[PDB]
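Chains as they are written, first to last, in the UniProt record's numbering: chain C, 25 to 54; chain Z, 88 to 108. Just so you know, even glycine gets a beta-carbon here, dropped at the ideal spot from N, CA and C.
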């Protein structure tokens with residue numbers, strides 16, 4: 025599920041699944 | 088940034104994990 029174009033909610037969903045209990049930062053304008 | 092790497096181009100596990108805490 026990670027090896028594709030991931031935009032918007034699809035990208036946040038991937039970060040969520042990948043990072044688990046570590047959590048993540050999402051910064052689309054950086 | 089992540090949009091350039093994962094949205095406008097193809098994402099990777101490697102790159103996603105760069106944004107984990």
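Each of C:47, C:52, C:28, C:49 was checked against the Cα of residue 98 of chain Z, and the nearest Cα belongs to C:28. Counting only the Cα atoms, residue 106 of chain Z lies some 10 Å from residue 42 of chain C. One Cα belongs to residue 37 of chain C, the other to residue 47 of chain C, and the distance between them is close to 11 Å. Secondary structure of residue 93 of chain Z (DSSP, three-state): helix.
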